[PDB]
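J.: This one is an experimental structure. Sequence first:
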Amino acid sequence: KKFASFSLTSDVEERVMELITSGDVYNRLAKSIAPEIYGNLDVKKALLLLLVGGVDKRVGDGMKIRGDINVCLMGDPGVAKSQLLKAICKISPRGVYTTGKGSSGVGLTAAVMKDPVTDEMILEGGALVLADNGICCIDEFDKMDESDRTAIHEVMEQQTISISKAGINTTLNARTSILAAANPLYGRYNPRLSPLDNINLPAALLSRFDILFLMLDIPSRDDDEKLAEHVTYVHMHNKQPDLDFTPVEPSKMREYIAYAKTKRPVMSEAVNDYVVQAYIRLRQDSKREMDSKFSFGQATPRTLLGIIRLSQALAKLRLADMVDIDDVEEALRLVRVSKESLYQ
Amino acid sequence: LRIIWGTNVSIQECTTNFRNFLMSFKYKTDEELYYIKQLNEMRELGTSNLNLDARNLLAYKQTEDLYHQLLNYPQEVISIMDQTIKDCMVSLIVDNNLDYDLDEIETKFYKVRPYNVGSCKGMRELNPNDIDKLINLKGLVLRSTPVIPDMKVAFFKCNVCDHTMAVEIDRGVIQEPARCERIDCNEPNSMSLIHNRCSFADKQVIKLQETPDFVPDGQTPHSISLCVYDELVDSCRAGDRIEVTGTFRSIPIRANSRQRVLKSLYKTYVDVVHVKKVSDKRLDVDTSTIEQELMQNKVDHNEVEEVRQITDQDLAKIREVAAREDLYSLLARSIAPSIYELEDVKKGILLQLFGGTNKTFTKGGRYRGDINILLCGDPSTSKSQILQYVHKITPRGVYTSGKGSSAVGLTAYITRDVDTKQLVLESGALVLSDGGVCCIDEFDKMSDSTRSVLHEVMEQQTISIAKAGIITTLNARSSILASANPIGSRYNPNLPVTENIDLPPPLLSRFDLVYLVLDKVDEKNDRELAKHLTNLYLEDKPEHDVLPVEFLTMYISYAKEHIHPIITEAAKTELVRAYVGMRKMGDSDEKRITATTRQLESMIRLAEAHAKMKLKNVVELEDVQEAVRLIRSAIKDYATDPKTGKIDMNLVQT
Ligand SMILES: Nc1ncnc2c1ncn2[C@@H]1O[C@H](COP(=O)(O)OP(=O)(O)O)[C@@H](O)[C@H]1O
Ligand SMILES: Nc1ncnc2c1ncn2[C@@H]1O[C@H](COP(=O)(O)OP(=O)(O)O)[C@@H](O)[C@H]1O
Ligand SMILES: [Mg+2]
Ligand SMILES: [Mg+2]
Ligand SMILES: [Zn+2]
């Protein structure tokens, strides 16, 4: 079911009220995303927030600020990025899945063709137009061509695609979120090189993501035992092993997210003071790290906007009309977690 | 009493109510009779078309139903309205006994043009039950066919006695006589049609790129066909942004030119009755580019106005606002209030909007005051919001990207029309923007092939074509506003400018201003920016000494129209001195943007723009000084080393 067609009613309301009554909505929803994958909890929280989204703001004079959150995963081989991409694409009601050079050119964007039924010309949307108001999943993000990268750049920028070619001069609507996956330039990550030298994408493009995760594979005799137990149990039976926790099926998740999307929390004054203080501290800290050539990118106003969007998303998920300090706490907590792999 | 079959309209009730509304209605200047004076002015000037704001009808109590009648049955109501207007006119002229010369008004024609029909949901959201209703649209003109002769009266001749007849068209059908109407001659089927003796009307078809306000999920842009008749032909040009009111129609189409078989699925279009070409959210068109079109409008007796009207109070307010001593800062601060500081960037944007003065040499020769700006700097600054705002404020322009364009896609091409099945010529991005501003994003990703065509546009404001079937030179009087990102991750201040931007050094000298948007970490500025940005979420709707956008556009349009500065010797001395200074200063190569004659041209243009602002007609020393200061500050030579071409992060002020 689409989110726009939502409506409260006794049947849906009873299920929703049960869900809130059960308590622990945040983690319970987070842990239900691809429950066959062990570990990877904070990535799942970020993915859930990408599902929920933030608040879109009309500032006046025609100006526009997005409310959609973009997330990028990048890690070593065999860490199950593709499984998470596919699961997210399957949960979303308007999700689309793409992988590298299989989709290119007019596969993205749109092309000119003639309607058989009617005698008029039209435009057929590609991957980016088919997932409008949805999630667009891109696999093998680093192996793409320059034109596709530019199109994604513009789409993340301002939710539109401009085309000026023979027989076409128009602007498309791209109100969609991006979920990308990538690999290091030399296969595994090389801790002897600068972070910006381990990846093929431009630094600005990486900076254009609200959350950028690093997932490395450091062998450890302990956690390997748990991962192997989980995987081999999953192969023996058809279910996940935990018994004290029950996963919520996709329909109920979709219903709750549809209900949550109708909210529009607002900023108070104390939260704004906290946000400005945190932004100043983080911006001051990041410059020293980036001078030592040990930062994927220096903090910029986009980091503050991402923090605001994540706080709004958490407030919406809590089903509240106002934001609190704990939401900004969790947003900063996640944005810090984004990069422990680079400090071991 | 006596309604019309199919409708609920009663002619008597409608005419009485329309007369009463005409003779008693005020704008509540708001206490006087609004339409009596408009009719009086019409007759004094002799105009024949009355523009009726359909929203004015919902105010009066009587016509609360005539509004829905007009929205549902425009065909009958418009004719009733026209006849009632003529009757009210004769009553007004005769009831006061002004002048006994009333034959002309009794012989001529009148008409009413509704122009404020309610808000719609987009063309593609209409259903079959909405056929033959009143609607409105927004869009961009793409193409227009030549005038089509449309017969109204047919001229027959008898091939035995020269007797000639005249038959008037009836709902699109001609009844050819089957016998001569003479008594001496009664030969059957002897009448022949002489086409050149017939009377024809005017017709045209326009292709429109619709821009609906609400867009459903996954909907791509499409095009629509518009039909204009009589005096409204040739009133639109490709690239114009317009608002249109018309009727929603349908029609069947023949399957082939041989048989007379029709197709069950119908073709939809719109019949136009009024076109609005002005807005309060953008500047007026540059009148220096439509010189002959205004003359043709006057010749053609079409009452479409290209420029907005000005009241005396508005001009007085304009003068008072121009009379204050903070005008420059106020005007700069007005631009994009949602963008913090960037004083010099906003000053450059304002000067570009104002523009320089256009010289036109007798015996041939053209200079133009278009101003080109390039924005280079750190990726995360607010240099794309600027492009969006300037695109939405300007009257014409296309927003393009370097990597998503092509040389053909920017200039011209040939396509096959899906209706007429023939080949036609269309316009590219740079010609659609003539008279406006073309915004190019990520200018450093554009291919050399694609970039090749910008040289002629920026060096003569024209383009030449040598392709199969077409050989001509086109006008490209459009300003360029570009942006670029540095090579690598961040602008490295330990390297020259030419090592940070991925463009040939010679290309960077053709712009009028070059901006280095640098990001520096200072806690005070961080606090200010964070507070500014976090104040925008305090309440669900915006509430942010700033002029309103409407007044700003009115002021800039008036200044562009009515002021034409001229340079003096006092400015000539300073211009030559400053140019020689720039050439000498800095005199082991490719370390800095070398000065050229383009720099002197840029100073001339910027000084003319500064003079044109604030309603001055003479360029003086202060103008040139400000122009030089702005040029120097944009590239921030104050923090640059003349020898090595590096930058000091401590000498740059936020
Ligand atoms: N944490 C994990 N839990 C369960 N299975 C995993 C995990 N990590 C990897 N796998 C398994 O290894 C394979 C990894 O392939 P893929 O999904 O393409 O991820 P990647 O593209 O990162 O290698 C998958 O088939 C998956 O079943
Ligand atoms: N001076 C400023 N005023 C207002 N917003 C700013 C400013 N600087 C940065 N921002 C914020 O940071 C973002 C800048 O991104 P954007 O302008 O799209 O990048 P660029 O234009 O450099 O490609 C915007 O979303 C904006 O809200
Ligand atoms: Mg994979
Ligand atoms: Mg931008
Ligand atoms: Zn005869």
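T.: Good, I have the coordinates. Numbers count the residues shown, from 1 in each chain, chains lettered A, B, ... in the order given. Ligands and ions are numbered 1, 2, ... in the order given.
J.: Now for the nearest residue to residue A:99 once chain neighbours are set aside: which residues touch it?
T.: The shortest distance from residue A:99 to any residue other than its chain neighbours is 4.0 Å, reached at residue A:139 (Cβ to Cβ, 6 or more residues apart in numbering or on different chains). All C-beta spots, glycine's among them, are computed from the backbone N, C-alpha and C. Neighbour list for residue A:139: A:81, A:82, A:85, A:97, A:98, A:99, A:100, A:181 [criterion: Cβ atoms under 8 Å, 6 or more residues apart in numbering or on different chains].
J.: Double-check that the last one belongs to a strand.
T.: Yes - counting by DSSP: H, G, I helix; E, B strand; the rest coil, residue A:181 is found in a strand.
J.: Find the nearest non-adjacent residue to it, please.
T.: Sequence neighbours aside, residue A:81 is the residue nearest to residue A:181 in space, at 4.3 Å (criterion: Cβ to Cβ, 6+ apart).
J.: Count residues in the vicinity of that neighbour, would you?
T.: Under the neighbour criterion other Cβ atoms under 10 Å in any protein chain shown, residue A:81 is assigned a count of 24.
J.: Would you check that it makes contact with residue A:75?
T.: Yes - judged on Cβ atoms under 8 Å, residue A:81 makes contact with residue A:75 at a distance of 6.4 Å.
J.: what do the two both touch?
T.: With contacts defined as Cβ under 8 Å, 6+ apart, the residues shared by residue A:81 and residue A:75 are residue A:215.
J.: Next, the contact list for the closest residue to ligand 4 within the stretch 51-200 of chain A, please.
T.: Among residues of the stretch 51-200 of chain A, the one nearest ligand 4 by Cβ to the ion turns out to be residue A:157. It sits 5.0 Å away. For residue A:157, the contacting residues are A:208, B:384, taking Cβ under 8 Å, 6+ apart as the criterion.
J.: Export only the CA atoms of the helix or strand where it lies, formatted as PDB.
T.: Following DSSP states H and E, one finds residue A:157 within helix A:146-158. As requested, the backbone C-alpha atoms of helix A:146-158 are provided in PDB (Å, rounded to 0.1, in the frame of the first residue of the first chain):
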ATOM      1  CA  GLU A 146      30.600   9.700 -15.300                       C
ATOM      2  CA  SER A 147      27.200  10.600 -16.800                       C
ATOM      3  CA  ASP A 148      25.300   8.400 -14.300                       C
ATOM      4  CA  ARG A 149      27.400   9.900 -11.500                       C
ATOM      5  CA  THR A 150      26.400  13.400 -12.600                       C
ATOM      6  CA  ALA A 151      22.800  12.500 -12.700                       C
ATOM      7  CA  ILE A 152      22.900  11.000  -9.200                       C
ATOM      8  CA  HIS A 153      24.700  14.200  -8.100                       C
ATOM      9  CA  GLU A 154      22.000  16.400  -9.300                       C
ATOM     10  CA  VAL A 155      19.200  14.200  -8.000                       C
ATOM     11  CA  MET A 156      20.700  14.300  -4.500                       C
ATOM     12  CA  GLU A 157      21.200  18.000  -4.900                       C
ATOM     13  CA  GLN A 158      17.800  19.300  -5.900                       C
END
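J.: quick one on the thing from earlier: the contacts of residue A:139 in strands, which ones?
T.: With strands taken from DSSP state E, the overlap with the contacts of residue A:139 comprises A:97, A:98, A:99, A:181.
J.: Could you check how far residue A:271 is from residue A:284?
T.: In this structure, residue A:271 and residue A:284 are 21 Å apart, going by Cβ to Cβ, to the nearest Å.
J.: Of those two, which one has the most company?
T.: A count of neighbours by other Cβ under 10 Å puts residue A:271 above the other of residue A:271 and residue A:284, at 21 against 14.
J.: Secondary structure element holding that one?
T.: Under the criterion DSSP H and E, the helix or strand holding residue A:271 is helix A:269-291.
J.: Going along the chain, name the strands of the stretch 401-550 of chain B.
T.: Listed in chain order, the strands of the stretch 401-550 of chain B (DSSP state E, counting those that start in this stretch) span B:412-416, B:423-427, B:437-441, B:462-467, B:470-475, B:479-484, B:513-517.
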